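Raw model27.csv, CSV, C-alpha atoms and all ligand atoms:
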chain,number,residue,atom,x,y,z
F,1,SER,CA,6.1,-3.0,-21.4
F,2,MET,CA,3.7,-5.7,-20.1
F,3,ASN,CA,2.2,-5.7,-16.6
F,4,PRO,CA,3.2,-8.4,-14.2
F,5,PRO,CA,0.6,-10.4,-12.2
F,6,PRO,CA,-0.4,-8.5,-9.1
F,7,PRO,CA,1.0,-9.3,-5.7
F,8,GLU,CA,-0.4,-12.4,-4.0
F,9,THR,CA,-3.6,-11.8,-1.9
F,10,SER,CA,-4.6,-15.4,-1.2
F,11,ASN,CA,-2.5,-18.3,0.0
F,12,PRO,CA,-4.2,-21.1,2.0
F,13,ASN,CA,-0.9,-22.5,3.3
F,14,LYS,CA,0.4,-19.2,4.6
F,15,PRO,CA,-0.1,-19.0,8.4
F,16,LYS,CA,-2.2,-16.0,9.3
F,17,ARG,CA,-3.9,-14.4,12.2
F,18,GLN,CA,-6.4,-11.8,13.1
F,19,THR,CA,-4.8,-9.6,15.8
F,20,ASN,CA,-6.1,-6.4,17.4
F,21,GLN,CA,-3.3,-4.6,15.7
F,22,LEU,CA,-4.2,-6.0,12.3
F,23,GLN,CA,-7.8,-5.0,13.0
F,24,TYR,CA,-6.6,-1.4,13.6
F,25,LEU,CA,-4.6,-1.5,10.4
F,26,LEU,CA,-7.9,-2.2,8.5
F,27,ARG,CA,-10.4,-0.2,10.5
F,28,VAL,CA,-8.3,2.9,11.1
F,29,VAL,CA,-5.2,3.0,8.9
F,30,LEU,CA,-6.4,1.6,5.6
F,31,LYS,CA,-9.8,3.2,6.0
F,32,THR,CA,-8.3,6.6,6.7
F,33,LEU,CA,-5.9,6.5,3.7
F,34,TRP,CA,-8.4,5.0,1.3
F,35,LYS,CA,-11.0,7.8,1.7
F,36,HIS,CA,-8.4,10.5,1.2
F,37,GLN,CA,-8.6,12.8,-1.9
F,38,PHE,CA,-5.1,11.7,-3.0
F,39,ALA,CA,-5.7,7.9,-2.5
F,40,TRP,CA,-6.9,7.0,-6.0
F,41,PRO,CA,-3.4,6.6,-7.8
F,42,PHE,CA,-2.6,4.1,-5.0
F,43,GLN,CA,-5.9,2.1,-4.9
F,44,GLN,CA,-4.8,-0.5,-7.4
F,45,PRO,CA,-1.7,-1.8,-9.0
F,46,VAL,CA,0.0,0.6,-11.4
F,47,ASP,CA,-1.2,-0.2,-15.0
F,48,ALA,CA,2.1,0.6,-16.7
F,49,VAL,CA,0.7,-0.2,-20.1
F,50,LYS,CA,-2.2,2.4,-19.9
F,51,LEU,CA,0.1,5.0,-18.3
F,52,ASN,CA,2.8,4.3,-20.9
F,53,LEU,CA,5.5,3.6,-18.4
F,54,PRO,CA,7.3,0.6,-20.0
F,55,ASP,CA,10.1,1.0,-17.5
F,56,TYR,CA,7.9,0.9,-14.4
F,57,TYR,CA,8.0,-2.8,-13.5
F,58,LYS,CA,11.6,-2.9,-14.8
F,59,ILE,CA,12.5,-0.5,-12.0
F,60,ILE,CA,10.0,-1.3,-9.3
F,61,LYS,CA,10.6,-5.0,-8.5
F,62,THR,CA,8.5,-5.2,-5.3
F,63,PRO,CA,5.3,-3.4,-6.3
F,64,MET,CA,2.6,-2.7,-3.7
F,65,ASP,CA,-0.6,-0.7,-3.6
F,66,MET,CA,-3.5,-0.2,-1.3
F,67,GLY,CA,-5.9,-2.3,-3.3
F,68,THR,CA,-3.6,-5.3,-2.6
F,69,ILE,CA,-3.3,-4.3,1.1
F,70,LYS,CA,-7.1,-3.9,1.4
F,71,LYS,CA,-7.6,-7.4,0.0
F,72,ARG,CA,-4.8,-8.9,2.2
F,73,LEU,CA,-6.5,-7.3,5.3
F,74,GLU,CA,-10.0,-8.4,4.3
F,75,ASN,CA,-8.7,-11.9,3.7
F,76,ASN,CA,-6.7,-12.0,6.9
F,77,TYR,CA,-3.6,-12.8,4.8
F,78,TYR,CA,-1.1,-11.4,7.3
F,79,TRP,CA,0.6,-13.0,10.3
F,80,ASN,CA,1.4,-9.8,12.1
F,81,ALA,CA,1.1,-6.0,11.9
F,82,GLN,CA,4.7,-5.5,10.8
F,83,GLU,CA,4.0,-7.4,7.6
F,84,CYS,CA,1.2,-5.1,6.8
F,85,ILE,CA,3.2,-2.0,7.8
F,86,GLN,CA,6.0,-3.1,5.5
F,87,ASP,CA,3.5,-3.2,2.6
F,88,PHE,CA,2.6,0.4,3.2
F,89,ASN,CA,6.2,1.4,3.5
F,90,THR,CA,7.0,-0.5,0.3
F,91,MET,CA,4.3,1.4,-1.5
F,92,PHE,CA,5.6,4.8,-0.4
F,93,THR,CA,9.2,4.0,-1.0
F,94,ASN,CA,8.4,2.7,-4.5
F,95,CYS,CA,6.8,6.0,-5.2
F,96,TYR,CA,9.9,8.0,-4.1
F,97,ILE,CA,12.2,5.6,-6.1
F,98,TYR,CA,10.4,5.9,-9.4
F,99,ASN,CA,9.4,9.6,-9.4
F,100,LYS,CA,11.1,13.0,-8.9
F,101,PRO,CA,10.9,15.3,-5.8
F,102,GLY,CA,8.0,17.6,-6.0
F,103,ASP,CA,6.1,15.6,-8.6
F,104,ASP,CA,2.4,15.5,-8.0
F,105,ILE,CA,2.5,11.8,-7.4
F,106,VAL,CA,5.2,12.3,-4.7
F,107,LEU,CA,3.2,15.1,-3.0
F,108,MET,CA,0.2,12.7,-3.0
F,109,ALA,CA,2.2,9.9,-1.4
F,110,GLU,CA,3.7,12.3,1.1
F,111,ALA,CA,0.3,13.4,2.3
F,112,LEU,CA,-0.8,9.8,2.7
F,113,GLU,CA,2.4,8.8,4.4
F,114,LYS,CA,2.0,11.7,7.0
F,115,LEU,CA,-1.4,10.3,7.9
F,116,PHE,CA,-0.1,6.7,7.9
F,117,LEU,CA,2.7,7.7,10.4
F,118,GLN,CA,0.2,9.5,12.6
F,119,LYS,CA,-2.0,6.5,12.8
F,120,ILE,CA,0.7,3.9,13.4
F,121,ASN,CA,2.1,6.1,16.2
F,122,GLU,CA,-1.1,5.1,18.0
F,123,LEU,CA,-1.1,1.4,17.1
F,124,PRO,CA,-2.5,-0.4,20.1
F,125,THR,CA,-0.4,-2.8,22.2
F,126,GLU,CA,-1.0,-6.4,21.1
F,127,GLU,CA,-3.6,-8.0,23.3
D,1,LIG,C1,1.4,4.8,-7.6
D,1,LIG,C2,2.2,5.5,-8.7
D,1,LIG,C3,3.6,5.7,-8.6
D,1,LIG,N1,4.2,6.4,-9.6
D,1,LIG,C4,3.6,6.9,-10.6
D,1,LIG,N2,4.3,7.6,-11.6
D,1,LIG,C5,3.9,8.2,-12.8
D,1,LIG,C6,4.9,8.9,-13.4
D,1,LIG,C7,4.7,9.6,-14.6
D,1,LIG,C8,3.4,9.5,-15.2
D,1,LIG,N3,3.1,10.1,-16.4
D,1,LIG,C9,3.5,11.5,-16.6
D,1,LIG,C10,2.6,12.2,-17.6
D,1,LIG,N4,2.4,11.4,-18.8
D,1,LIG,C11,1.6,12.1,-19.9
D,1,LIG,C12,1.8,10.1,-18.6
D,1,LIG,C13,2.8,9.3,-17.6
D,1,LIG,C14,2.4,8.7,-14.6
D,1,LIG,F1,1.2,8.6,-15.1
D,1,LIG,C15,2.7,8.1,-13.4
D,1,LIG,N5,2.2,6.7,-10.8
D,1,LIG,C16,1.5,6.1,-9.8
D,1,LIG,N6,0.2,6.0,-10.0
D,1,LIG,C17,-0.6,6.6,-10.9
D,1,LIG,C18,-1.9,6.1,-11.2
D,1,LIG,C19,-2.7,6.7,-12.2
D,1,LIG,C20,-2.3,7.9,-12.7
D,1,LIG,CL1,-3.4,8.7,-13.8
D,1,LIG,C21,-1.1,8.5,-12.4
D,1,LIG,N7,-0.7,9.7,-13.0
D,1,LIG,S1,0.1,11.0,-12.2
D,1,LIG,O1,1.3,10.4,-11.4
D,1,LIG,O2,0.6,11.9,-13.4
D,1,LIG,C22,-1.1,11.9,-11.2
D,1,LIG,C23,-1.7,11.0,-10.1
D,1,LIG,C24,-0.3,13.1,-10.6
D,1,LIG,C25,-2.2,12.4,-12.1
D,1,LIG,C26,-0.3,7.9,-11.5

Now, as a test, write the supplied structure out as structure tokens.
Amino acid sequence: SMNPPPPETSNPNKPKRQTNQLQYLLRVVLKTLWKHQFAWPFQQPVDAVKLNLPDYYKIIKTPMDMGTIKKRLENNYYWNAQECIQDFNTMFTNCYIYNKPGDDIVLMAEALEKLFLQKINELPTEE
């Protein structure tokens, strides 16, 4: 029933970079999704205690959320764009794994994912 610690957002020994693609992922992709009317359920780790979902972290073994992504981007935690893109995809996929088609939370994820895909279609070439 208990919540796990959140995903790591700081690790001094992890090699990391700031690339133009990672800057786009913060300034365009994260910013666009974060301001969306459906962002709020995804802006922090799921509190499975307060939502009374004792099975949540028993089923979702690789949790991810945009609060964590935002911190990772702000801290320049990533090595490359694909690592960050993977975090977004994990977040969406986790939603579809845990919930049912047509559930409000799924509709919310689908709207965010549509925008995500539109923005990453225009990811700049690495300079
Ligand atoms: C990211 C994420 C992924 N998956 C889920 N699943 C989920 C499934 C069932 C429920 N409940 C169904 C109704 N019960 C009375 C309480 C439990 C739930 F709260 C969440 N939750 C997520 N975040 C999240 C964050 C905060 C809120 Cl308040 C919501 N609630 S909600 O999904 O019902 C909605 C956003 C539509 C109000 C979800």

Would you list the residues that come within 12 Å of ligand LIG 1 (chain D)? Count only C-alpha atoms and all ligand atoms and give the answer as a VMD selection string.
chain F and resid 37 to 57 59 to 60 63 to 67 88 90 to 110 112

Can I get the selected residues back with C-alpha atoms, as a JSON list (two decimals), in the coordinates of the input?
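Output contents, as saved in out-v1.json:
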[["chain", "number", "residue", "atom", "x", "y", "z"],
["F", 37, "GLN", "CA", -8.60, 12.80, -1.90],
["F", 38, "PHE", "CA", -5.10, 11.70, -3.00],
["F", 39, "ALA", "CA", -5.70, 7.90, -2.50],
["F", 40, "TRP", "CA", -6.90, 7.00, -6.00],
["F", 41, "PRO", "CA", -3.40, 6.60, -7.80],
["F", 42, "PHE", "CA", -2.60, 4.10, -5.00],
["F", 43, "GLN", "CA", -5.90, 2.10, -4.90],
["F", 44, "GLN", "CA", -4.80, -0.50, -7.40],
["F", 45, "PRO", "CA", -1.70, -1.80, -9.00],
["F", 46, "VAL", "CA", 0.00, 0.60, -11.40],
["F", 47, "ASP", "CA", -1.20, -0.20, -15.00],
["F", 48, "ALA", "CA", 2.10, 0.60, -16.70],
["F", 49, "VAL", "CA", 0.70, -0.20, -20.10],
["F", 50, "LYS", "CA", -2.20, 2.40, -19.90],
["F", 51, "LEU", "CA", 0.10, 5.00, -18.30],
["F", 52, "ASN", "CA", 2.80, 4.30, -20.90],
["F", 53, "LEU", "CA", 5.50, 3.60, -18.40],
["F", 54, "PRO", "CA", 7.30, 0.60, -20.00],
["F", 55, "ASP", "CA", 10.10, 1.00, -17.50],
["F", 56, "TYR", "CA", 7.90, 0.90, -14.40],
["F", 57, "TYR", "CA", 8.00, -2.80, -13.50],
["F", 59, "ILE", "CA", 12.50, -0.50, -12.00],
["F", 60, "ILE", "CA", 10.00, -1.30, -9.30],
["F", 63, "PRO", "CA", 5.30, -3.40, -6.30],
["F", 64, "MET", "CA", 2.60, -2.70, -3.70],
["F", 65, "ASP", "CA", -0.60, -0.70, -3.60],
["F", 66, "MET", "CA", -3.50, -0.20, -1.30],
["F", 67, "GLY", "CA", -5.90, -2.30, -3.30],
["F", 88, "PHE", "CA", 2.60, 0.40, 3.20],
["F", 90, "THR", "CA", 7.00, -0.50, 0.30],
["F", 91, "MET", "CA", 4.30, 1.40, -1.50],
["F", 92, "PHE", "CA", 5.60, 4.80, -0.40],
["F", 93, "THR", "CA", 9.20, 4.00, -1.00],
["F", 94, "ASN", "CA", 8.40, 2.70, -4.50],
["F", 95, "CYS", "CA", 6.80, 6.00, -5.20],
["F", 96, "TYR", "CA", 9.90, 8.00, -4.10],
["F", 97, "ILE", "CA", 12.20, 5.60, -6.10],
["F", 98, "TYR", "CA", 10.40, 5.90, -9.40],
["F", 99, "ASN", "CA", 9.40, 9.60, -9.40],
["F", 100, "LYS", "CA", 11.10, 13.00, -8.90],
["F", 101, "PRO", "CA", 10.90, 15.30, -5.80],
["F", 102, "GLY", "CA", 8.00, 17.60, -6.00],
["F", 103, "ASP", "CA", 6.10, 15.60, -8.60],
["F", 104, "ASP", "CA", 2.40, 15.50, -8.00],
["F", 105, "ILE", "CA", 2.50, 11.80, -7.40],
["F", 106, "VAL", "CA", 5.20, 12.30, -4.70],
["F", 107, "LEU", "CA", 3.20, 15.10, -3.00],
["F", 108, "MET", "CA", 0.20, 12.70, -3.00],
["F", 109, "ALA", "CA", 2.20, 9.90, -1.40],
["F", 110, "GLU", "CA", 3.70, 12.30, 1.10],
["F", 112, "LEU", "CA", -0.80, 9.80, 2.70]]

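The neighbours of residue 31 in chain F here are the residues that come within 10 Å of it, using all atoms listed in the file and leaving out any residue fewer than 6 positions away in the same chain; they are residues 24, 25 and 70 of chain F.
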
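Using all atoms listed in the file for every distance, the candidate list F:117, F:22, F:111, F:2 yields F:22 as the residue closest to residue 75 in chain F.
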
Size and centre in Å, one decimal, axis-aligned box, all listed range 73-92 of chain F atoms plus 3 Å per side, as JSON:
{"center_x": -1.5, "center_y": -4.1, "center_z": 5.3, "size_x": 23.0, "size_y": 23.8, "size_z": 19.6}

Residues at most 12 Å from range 9-16 of chain F, counting only C-alpha atoms, excluding those fewer than 2 positions away in the same chain, as a ChimeraX atom specification?
/F:5-7,18-19,22,64-81,83-84

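If you look at CA of residue 89 in chain F and CA of residue 8 in chain F, they are 17.0 Å away from each other.
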
Residue contacts of residue 125 in chain F (10 Å, all atoms listed in the file) excluding same-chain residues fewer than 3 positions away, as a ChimeraX atom specification
/F:20-21,122

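Note that CA of residue 82 in chain F and CA of residue 3 in chain F are 27.5 Å apart.
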
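Note that the spacing between CA of residue 29 in chain F and CA of residue 118 in chain F amounts to 9.2 Å.
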
Could you tell me which of F:113, F:86, F:126, F:1 comes closest to residue 58 in chain F if we count all atoms listed in the file?
F:1

Is there a way to complete range 25-54 of chain F with N, CA and C atoms and then write that out as a compact mmCIF listing (two decimals), in the coordinates of the input?
# COMPACT_ATOMS: atom_id res chain seq x y z
N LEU F 25 -5.18 -1.82 11.74
CA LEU F 25 -4.60 -1.50 10.40
C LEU F 25 -5.70 -1.44 9.35
N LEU F 26 -6.75 -2.26 9.46
CA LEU F 26 -7.90 -2.20 8.50
C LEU F 26 -8.84 -1.06 8.87
N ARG F 27 -9.33 -1.05 10.11
CA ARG F 27 -10.40 -0.20 10.50
C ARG F 27 -10.04 1.28 10.62
N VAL F 28 -8.78 1.53 10.98
CA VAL F 28 -8.30 2.90 11.10
C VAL F 28 -7.31 3.26 10.00
N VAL F 29 -6.23 2.51 9.82
CA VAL F 29 -5.20 3.00 8.90
C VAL F 29 -5.58 2.91 7.48
N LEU F 30 -5.95 1.72 7.00
CA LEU F 30 -6.40 1.60 5.60
C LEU F 30 -7.59 2.46 5.31
N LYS F 31 -8.59 2.42 6.18
CA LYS F 31 -9.80 3.20 6.00
C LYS F 31 -9.51 4.70 5.83
N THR F 32 -8.63 5.22 6.69
CA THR F 32 -8.30 6.60 6.70
C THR F 32 -7.60 6.99 5.35
N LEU F 33 -6.63 6.19 4.92
CA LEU F 33 -5.90 6.50 3.70
C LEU F 33 -6.77 6.33 2.46
N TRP F 34 -7.64 5.32 2.49
CA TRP F 34 -8.40 5.00 1.30
C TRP F 34 -9.39 6.07 0.92
N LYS F 35 -9.93 6.78 1.90
CA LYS F 35 -11.00 7.80 1.70
C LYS F 35 -10.36 9.15 1.29
N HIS F 36 -9.04 9.27 1.41
CA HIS F 36 -8.40 10.50 1.20
C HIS F 36 -8.45 10.98 -0.25
N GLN F 37 -8.49 12.28 -0.51
CA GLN F 37 -8.60 12.80 -1.90
C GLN F 37 -7.44 12.39 -2.78
N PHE F 38 -6.31 12.03 -2.20
CA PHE F 38 -5.10 11.70 -3.00
C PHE F 38 -4.92 10.13 -3.03
N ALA F 39 -5.89 9.34 -2.57
CA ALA F 39 -5.70 7.90 -2.50
C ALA F 39 -5.76 7.23 -3.88
N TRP F 40 -6.51 7.79 -4.83
CA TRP F 40 -6.90 7.00 -6.00
C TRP F 40 -5.67 6.46 -6.85
N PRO F 41 -4.52 7.18 -6.99
CA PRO F 41 -3.40 6.60 -7.80
C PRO F 41 -2.82 5.34 -7.08
N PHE F 42 -3.17 5.11 -5.82
CA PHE F 42 -2.60 4.10 -5.00
C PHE F 42 -3.63 2.98 -4.67
N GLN F 43 -4.85 3.08 -5.22
CA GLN F 43 -5.90 2.10 -4.90
C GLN F 43 -5.90 0.82 -5.67
N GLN F 44 -4.97 0.67 -6.61
CA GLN F 44 -4.80 -0.50 -7.40
C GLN F 44 -3.43 -0.58 -7.95
N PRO F 45 -2.98 -1.76 -8.41
CA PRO F 45 -1.70 -1.80 -9.00
C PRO F 45 -1.52 -0.85 -10.17
N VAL F 46 -0.31 -0.32 -10.33
CA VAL F 46 0.00 0.60 -11.40
C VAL F 46 -0.19 -0.15 -12.75
N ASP F 47 -1.04 0.37 -13.63
CA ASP F 47 -1.20 -0.20 -15.00
C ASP F 47 -0.20 0.58 -15.87
N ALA F 48 0.99 0.00 -15.98
CA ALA F 48 2.10 0.60 -16.70
C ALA F 48 1.90 0.65 -18.18
N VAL F 49 1.02 -0.20 -18.67
CA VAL F 49 0.70 -0.20 -20.10
C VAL F 49 -0.16 1.07 -20.38
N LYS F 50 -1.25 1.24 -19.64
CA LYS F 50 -2.20 2.40 -19.90
C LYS F 50 -1.55 3.73 -19.53
N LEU F 51 -0.60 3.77 -18.61
CA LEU F 51 0.10 5.00 -18.30
C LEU F 51 1.35 5.21 -19.19
N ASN F 52 1.62 4.25 -20.07
CA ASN F 52 2.80 4.30 -20.90
C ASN F 52 4.09 4.50 -20.18
N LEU F 53 4.30 3.64 -19.20
CA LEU F 53 5.50 3.60 -18.40
C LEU F 53 6.17 2.25 -18.57
N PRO F 54 6.73 1.98 -19.76
CA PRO F 54 7.30 0.60 -20.00
C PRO F 54 8.44 0.29 -19.06
